[PDB]
Amino acid sequence: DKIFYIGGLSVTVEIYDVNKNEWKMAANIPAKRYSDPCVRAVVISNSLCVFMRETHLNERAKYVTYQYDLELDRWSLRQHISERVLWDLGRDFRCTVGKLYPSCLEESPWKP
Amino acid sequence: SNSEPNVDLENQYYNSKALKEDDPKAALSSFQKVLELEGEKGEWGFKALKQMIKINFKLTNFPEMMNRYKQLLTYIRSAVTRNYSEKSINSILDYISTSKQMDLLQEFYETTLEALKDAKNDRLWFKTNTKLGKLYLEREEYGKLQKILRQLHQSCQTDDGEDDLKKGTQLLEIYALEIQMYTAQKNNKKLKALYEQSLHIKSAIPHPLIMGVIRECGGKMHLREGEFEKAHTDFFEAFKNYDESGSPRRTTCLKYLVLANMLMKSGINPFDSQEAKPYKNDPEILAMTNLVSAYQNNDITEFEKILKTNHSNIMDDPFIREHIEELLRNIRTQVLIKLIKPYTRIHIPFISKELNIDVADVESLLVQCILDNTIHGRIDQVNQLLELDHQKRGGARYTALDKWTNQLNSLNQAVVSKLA
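Looking up chain B in the PDB entry gives the name COP9 signalosome complex subunit 2, with the organism given as Homo sapiens. UniProt annotates chain B under Sequence similarities with the comment "Belongs to the CSN2 family."

The PDB entry lists chain A under the name Kelch repeat and BTB domain-containing protein 2, with Homo sapiens given as the organism.

Encoded structure:
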């Protein structure tokens with residue numbers, strides 16, 4: 001019952017509640033400095049989490065997702081996506097949540 | 001006329017009223033027994049319920065207090081007309097407000113809200129919602145203020161239209177709430193939209209404070225845009241309403257009216273009548289009185305001295321700080337025009353010394369005055385000189401004669417050529 005507006009130009013976390021009709025701050029996502037994070041907020045497994053990628057100068061992109069708690073206002077380290085399985089995505093990519101069938105789909109071949 | 005209401009109900013009600021100053025445990029029992037006497041409804045037992053709630057609030061007995069307040073809310077939509085019930089419930093709310101249990105206060109408020117929703121107590125209902133909105137504004141709350149405003153607007157919506165024709169007072173209160181809100185957020189565009197909608201649909205009976213607030217906002221908007229007459233009229237009506245009511249905003253509204261009346265030029269005084277022995281000698285208004293006295297006397301030196309002496313209450317307002325430059329320009333222009341009326345061909349440095357300003361400012365003011373056709377003269381910048389066209393000839397009859405001469409003589413030449 002809450003809307004989580006994440007990012008904007010950054011790491012702005014502005015939480016809105018329908019029953020309360022107010023905007024409030026919770027915390028800032030822990031991210032390395034001198035970088036432009038690409039935030040993606042989506043519901044996973046009935047739990048609020050984020051999918052963000054950090055890019056620096058002369059550095060490679062890193063993919064990592066964090067587990068966020070409502071009353072803790074902290075993004076605990078849930079899982080770090082290894083580059084051996086997932087490669088760079090880009091800038092205009094979009095994310096959404098849904099159920100799929102592994103058998104019908106095919107694994108994407110890519111060298112670690 | 002006369003009408004036998006009841007004898008025994010009043011007798012026991014007054015007996016319990018006398019008992020109220022004795023031990024409350026017996027007064028509550030007697031009042032509850034007054035409700036048992038009639039059984040159906042209450043009438044004098046309606047007031048007995050109010051007294052029971054008061055005495056229970058004395059000895060901290062809330063559960064049955066709120067149950068009996070629900071009984072009174074049902075009694076409002078009963079043989080007791082919704083006339084004195086509103087005063088009774090306002091008094092009950094004020095008595096509850098005596099303590100500091102905000103949770104109990106808001107439980108009481110929400111039960112009242114739902115009961116009044118059920119009782120379709122239209123007038124009473126938006127009066128209560130407007131009171132709640134004023135309370136929220138006094139605490140700078142907008143989360144529930146917005147919901148109250150939306151509900152009131154929807155109640156004012158005539159399905160296709162967003163407004164009724166007799167709920168003009170409803171929309172008046174709604175727009176007063178929104179005017180306070182957008183004064184908090186200083187949103188000029190929403191302010192002008194609100195003022196326009198109010199001016200159009202609000203036409204109805206106002207409460208003096210609401211009319212004063214809306215006219216104050218209108219004057220603010222007009223003097224922000226540039227209209228001096230409209231801002232002066234709006235401040236005039238707002239200050240009249242504040243005079244009637246007694247709100248502390250009276251002094252600020254009067255200061256804004258003083259600023260507005262000085263900006264419409266044409267030599268008018270805002271401290272003349274209402275600012276009298278009571279208000280003219282007021283310490284917070286004496287500075288403005290002296291300012292406009294200098295404005296009447298066109299004393300630029302004294303005006304600037306008062307501006308510099310009371311700057312903590314003259315330009316302290318950011319708006320008056322913005323307008324002080326224009327006011328100084330206007331008063332300097334008036335003094336210059338008055339000084340240069342009686343004669344012609346006057347040097348610039350003398351004018352600069354008289355006006356106690358720089359020579360460049362004097363030249364700019366002279367150029368602006370000549371551009372406005374107020375000065376029938378021209379400037380010699382090489383010698384720092386202002387030469388006025390005295391135009392003492394007062395002729396221009398020869399110009400008419402010359403035009404008459406040439407037009408008809410050419411007319412005669414054309415006629416002779418055509419006729420031959």
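I'd love a proper account of the overall build of chain A, names of residues and values included.
For chain A, the helix and strand inventory stands at 0 helices and 7 strands. For chain A, the sequential pattern of α-helices and β-strands runs β-β-β-β-β-β-β. With the C-alpha coordinates of chain A rotated into their principal frame, the extents come out at 50 × 40 × 25 Å. Expressed as a percentage of the 112 residues in chain A, the buried residues total 28%. Accessible surface computed for chain A: about 8800 Å², of which carbon and sulfur atoms make up 56%. When the 16 positive and 15 negative side-chain charges of chain A are each reduced to one mean point, those points stand 4 Å apart.

Requested: an account of a nonpolar patch on the surface, with residues and values cited.
Residue and element names in this part refer to chain B. There is a patch of nonpolar side chains on the surface, built from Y398, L401, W404, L408, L411, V415 and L419 and spanning about 770 Å² of accessible area. With respect to the element layout, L401 can be found in helix 20 (residues 397-419). Residue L401 is classed as partly exposed on the basis of its relative accessible area of 40%.

How would you summarise the UniProt feature "domain: PCI" in chain B if you had to cite specific residues and measurements?
In the numbering used here, UniProt assigns the feature "domain: PCI" to residues 231-393 of chain B. Strand forms 6% of residues 231-393 of chain B and helix 63%; the C-alpha atoms that close the span are 44 Å apart.

Quick rundown of the packing of aromatic side chains? Include the residues and the values.
Ring pairs (aromatic) are described by centroid distance and by the angle formed between their planes. Residue and element names in this part refer to chain B. Summed over the entire model, instances satisfying the criterion amount to 12 aromatic pairs over all chains. Seen from their ring centres, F235 and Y256 are 5.9 Å apart, and the 40° between their planes marks the pair as tilted. Of this pair, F235 sits in helix 12 (residues 228-245) while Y256 sits in helix 13 (residues 249-263), and the two are 21 residues apart along the sequence. For the pair formed by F235 and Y256, the shared burial category is buried.

Hey, could you go over the side chain of B:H222 for me, with residue numbers and the actual values?
All names here are of chain B. Examined against the element boundaries, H222 turns out to sit in helix 11 (residues 208-225). What makes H222 buried here is its relative accessible area of 8%. Of note is the side chain of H222, whose polar atom sits 2.6 Å from the side chain of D234.

Can you explain the pairing of strand 5 (residues 47-54) of chain A? Please cite residues and give values.
All names here are of chain A. Most of strand 5 is tucked away, with 7 of its 8 residues classed as buried. Of the strand pairs in this sheet, strand 4 (residues 41-44) and strand 5 are connected by 4 bridges, and their pairing is antiparallel. Bridge assignment links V43 to a residue of strand 5, and that residue is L48. Connecting strand 4 to the next strand, strand 5, in antiparallel fashion are 2 residues, including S45 with a positive phi near 50°. For strand 5 and strand 6 (residues 62-68), the ladder comprises 6 bridges, and the chain directions are antiparallel. Bridge assignment links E54 to a residue of strand 6, and that residue is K62.

Explain the sheet that holds strand 1 (residues 2-6) of chain A to me, using residue names and the numbers behind them.
Residue and element names in this part refer to chain A. The antiparallel open sheet is built from 3 strands, whose spatial order is 1-2-3. Each of the sheet's edge strands pairs with one partner strand only, and the pair in question is strand 1 and strand 3 (22-25). Averaged over all adjacent pairs, the angle separating strand axes in this sheet is 25°, with direction ignored. Alignment of strand 2 (residues 13-17) against strand 3, held across 4 bridges, turns out to be antiparallel. When the sheet's bridge partners are listed, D17 is paired in strand 3 with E22.

How would you sum up the environment of A:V64? Please name residues and give values.
Residue and element names in this part refer to chain A. Structurally, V64 can be placed in strand 6. When the C-alpha positions of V64 and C104 are compared, they lie 27 Å apart, and in sequence the two are 40 residues distant. Residues in contact with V64, not counting those within four places in the same chain, are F51, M52, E54, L77, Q79, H80 and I81.

Which residues make up the layout of surface pockets, and what values do they have?
Residues and elements named next belong to chain B. Roughly 1300 Å³ of volume is contained in the largest pocket. Along the wall of the largest pocket there are 43 residues; nearest its centre are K134, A176, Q180, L209 and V213. Contributions of two or more residues to the lining of the largest pocket are made by helix 5 (85-96), helix 7 (122-138), helix 9 (168-184), helix 11, helix 12 and helix 13. Considering every element that reaches the lining of the largest pocket, the biggest residue donor is helix 7, with 10 residues.

Criteria and cut-off values
- Residues numbered from 1 in each chain as written, not as in the entry; some residues may be left out.
- Chains lettered and ligands numbered in written order.
- Part of a larger assembly, values for the part shown.
- Heavy atoms only, no water.
- UniProt positions renumbered as here; feature names shortened; annotations may be inferred.
- Helix = DSSP H or I, 4+ residues; strand = E, 2+ residues; numbered from the N terminus.
- Buried < 20%, exposed > 50% of the residue type's maximum accessible area, 1.4 Å probe, protein only.
- Areas by Shrake-Rupley, 256 points an atom, 1.4 Å probe, with all protein chains shown as cover.
- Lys, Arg positive; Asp, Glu negative; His and termini not counted.
- Charge placed at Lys NZ, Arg CZ, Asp CG, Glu CD.
- Patch = residues over 30% accessible without salt bridge, like charges linked within 9 Å, V, L, I, M, F, W, Y side chains within 5 Å.
- Salt bridge = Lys/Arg side-chain N within 4 Å of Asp/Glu carboxyl O.
- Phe/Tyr/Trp six-rings, centres within 6.5 Å; stacked < 30°, edge-to-face > 60°.
- Polar contact = N/O pair within 3.5 Å; in protein donor to acceptor, adjacent residues only side chain to side chain.
- Pairing = 2+ DSSP bridges.
- Axes fitted to C-alpha atoms, helices over the stretch in contact; angles between N-to-C directions.
- Contact = heavy atoms within 4.5 Å.
- 1 Å grid on protein atoms, 1.4 Å probe; cavity = no way out; pocket = protein on both sides within 12 Å on 5 of 7 lines; lining within 4 Å.
- Points joined across faces, edges and corners; volume = space filled by probe spheres on them.

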